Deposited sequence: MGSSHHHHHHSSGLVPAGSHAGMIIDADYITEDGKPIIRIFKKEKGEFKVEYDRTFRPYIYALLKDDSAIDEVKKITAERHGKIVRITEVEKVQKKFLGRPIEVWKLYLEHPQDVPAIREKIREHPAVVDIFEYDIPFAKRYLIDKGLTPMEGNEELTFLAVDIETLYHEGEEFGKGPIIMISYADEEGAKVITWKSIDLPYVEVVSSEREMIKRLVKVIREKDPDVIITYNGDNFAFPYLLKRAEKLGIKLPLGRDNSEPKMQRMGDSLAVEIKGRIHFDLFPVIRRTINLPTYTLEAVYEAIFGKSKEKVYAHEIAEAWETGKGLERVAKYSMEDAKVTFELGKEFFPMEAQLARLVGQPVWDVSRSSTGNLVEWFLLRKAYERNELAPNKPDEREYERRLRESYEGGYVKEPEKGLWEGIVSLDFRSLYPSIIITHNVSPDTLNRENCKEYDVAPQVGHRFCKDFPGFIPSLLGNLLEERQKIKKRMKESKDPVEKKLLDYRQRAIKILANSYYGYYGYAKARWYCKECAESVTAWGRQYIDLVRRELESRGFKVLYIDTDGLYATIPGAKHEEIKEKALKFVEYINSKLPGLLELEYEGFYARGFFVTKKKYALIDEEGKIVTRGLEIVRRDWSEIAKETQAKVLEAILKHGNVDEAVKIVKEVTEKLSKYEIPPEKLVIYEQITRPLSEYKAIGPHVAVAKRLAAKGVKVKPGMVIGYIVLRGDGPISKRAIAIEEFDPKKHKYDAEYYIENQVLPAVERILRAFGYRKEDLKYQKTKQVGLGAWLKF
């Protein structure tokens, strides 16, 4: 009708699917139902006569037989060529996985197509429906929880001790222990606290629930405790419970009628941080410090009853900043959803490769272009092993006053001008074609390629938005249009990468190679022009470069670089654009996407080097941090080498505290299901043998002891370690922990692993 679409799903009623379109119309929540949309797949047949055998194929589901309800001969395009396929209709979406392989196996069937598109996404495309359109203002509520945790406990063993929420009315805490603070609501039990959260959510009726890692912590924990306590969480606008969907090796939680906006996957994509803790994220965006109160401090305060006001303040600030962050990051995700035509829930949890693919599937429908299939495992593997011809090793040592230049806005223009598309690649009876330099791939000029055509329209639309922005007096429209033009830039700058993405439907190795080859001519021009101006290029890859004027004043480097970007863009034709990304006080480069820098404010910025993860010992992580600090903060590689040498000697002489040697690894399945027994599994099996209920999710802490053979047979549970009896493996902690953590970094300064010991 007239509302803004925020989501879509389907329900089954009397065994038949019903699409639900969740809308917001002038502040009101509305649900539209559609019983008429039918599931389907396509089948390419060897001959039209075959349909009589194919329409008679059946399968089984829910104890009943599955049939093809209707067949329809249709004319479409495949790889820029007319094709005749049969549209096979099914009653229920779940009929598609049940019957698709029985159609594909048929000797008269050449191939099948569009057999793995989810019904709700199939519906939005086919009906031309775009989520997040209009000026409809949504409501937001941030939610967070605090729990009682002890090292290595099964997930959900300890109770939820606090629940916090925040919106514009303020940040509040619900707890079941007496804390005298103005924003704290004290209730009688964990059960009563969870029921109060349910009431707040039902009363505030937010369109968007903001969490920080709610997909993999807050909501699975709430569901675990609600199950324990035997209470329901009717948070859905249809009174349904939050729904845990297995998205990869992890989880994603949906709340029907709403948008569960988990900031963790969103921020992980948007900015570069070594660790995405809420406190690190908040500081990077708002330039303010946020205190972290660790799990052990929380457990100690809860159990002893001392210092609970500190824990309540931590819980409050967690909800307060989650709200603040949500408001900051939601507008761009809303514009991306709109652009790609899929709900924010799905779009906020996806890579740019999937954003491109959703955009392309919709455009293929609009253009009557049959979509190619996602590859099988063998093809996906063959794609990962493909070698690309045509980005040198970076300069060694420590450099000062570094400018970063970004090339990414160059590639959409190359795709368009050279008609780079899988449907135009090495076409027969082509009258005119473009030949890629060095690699020689031919792209037909006779018709615009599917992908160049779409990119051309995206770039044109962005230029119209930018023009409308200059001519606007309304700062509200200007702010909105700024988000819209940034969403196009992000989607357009993702096509180059998408061509080489192994899971892509419109994958094209030769397209990616050719864009690289044509792109290189401009990169080489940028490099020569930089060097003619006294700049030294320290590092260069397909995405950008780092450069300096050796021994020049920093303000002179910045000014010359800004003046250079303005100059080159005046020389580059069309929408080919170079961007000044930033300036760094110092930096060093190891290899492709492995480097470390420090800006003028003293913030260290790295790519592909830092090892902040629980399965690496503290001694290795601490030494690595010390090495980066000595190099970047002190400009002293000699100090860094001496730090490594001192740590290794201390390890050899058993001078390192055993607490800095603990390795943590999660159990992810029943112990009997393991095919390879790593040290944490060997430790786990002994724990289960002692009567410990070992379950997936439990994190095993261990220390590697001195001895013969694989580390599996010498690992000990941290709770069993006796410093007066057990001797840790110094050679393991040196060669497998500390030295790999620092050897890549120090390779940039001409050191090998063997020069980092006395």
| property | result |
| --- | --- |
| Deposited positions lacking CA coordinates | 1 to 19, 410 to 411, 780 to 793 |
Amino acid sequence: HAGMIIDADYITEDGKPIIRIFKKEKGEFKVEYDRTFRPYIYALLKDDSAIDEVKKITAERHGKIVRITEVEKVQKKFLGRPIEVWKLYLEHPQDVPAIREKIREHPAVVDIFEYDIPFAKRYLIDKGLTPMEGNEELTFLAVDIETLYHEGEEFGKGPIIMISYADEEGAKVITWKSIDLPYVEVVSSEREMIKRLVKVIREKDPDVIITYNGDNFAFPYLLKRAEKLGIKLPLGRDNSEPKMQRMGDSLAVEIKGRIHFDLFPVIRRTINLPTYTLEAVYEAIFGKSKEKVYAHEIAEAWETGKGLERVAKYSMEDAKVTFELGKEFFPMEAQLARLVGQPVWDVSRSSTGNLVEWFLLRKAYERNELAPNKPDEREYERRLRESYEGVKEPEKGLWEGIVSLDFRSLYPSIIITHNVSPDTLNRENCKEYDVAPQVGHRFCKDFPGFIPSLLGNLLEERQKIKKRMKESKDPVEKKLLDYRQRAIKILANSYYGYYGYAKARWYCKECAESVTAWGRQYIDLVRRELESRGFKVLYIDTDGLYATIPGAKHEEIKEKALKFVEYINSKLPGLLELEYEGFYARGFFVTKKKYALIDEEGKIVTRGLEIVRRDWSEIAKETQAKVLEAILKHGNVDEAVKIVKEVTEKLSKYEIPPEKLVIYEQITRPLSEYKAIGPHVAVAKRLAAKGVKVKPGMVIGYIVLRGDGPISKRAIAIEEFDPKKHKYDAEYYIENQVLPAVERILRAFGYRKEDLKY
From here on, numbers count along this sequence of modelled residues.
property	result
Cross-entry absence of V637, a third or more of other PDB entries	no
Unmodelled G390 in at least one third of other entries with both flanks present	yes
Mean C-alpha B-factor comparison - 124 to 132 and 462 to 470, higher one	462 to 470
Between the two ranges 669 to 677 and 342 to 350, the one averaging a larger CA B factor in the entry	669 to 677
Given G158, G214, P550, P206, the residue at which the Cα B factor reaches its maximum	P550
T139, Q245, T417, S453, ranked by C-alpha B-factor: the highest one	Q245
B-factor third for the C-alpha atom of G287 within its chain	highest
CA B-factor placement of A436, once the chain's modelled residues are sorted into thirds	lowest
Position of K396 among the chain's modelled residues by C-alpha B-factor, lowest, middle or highest third	middle
Third of the chain, ranked by Cα B-factor, where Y664 sits	lowest
Third of chain Cα B-factors occupied by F329	lowest
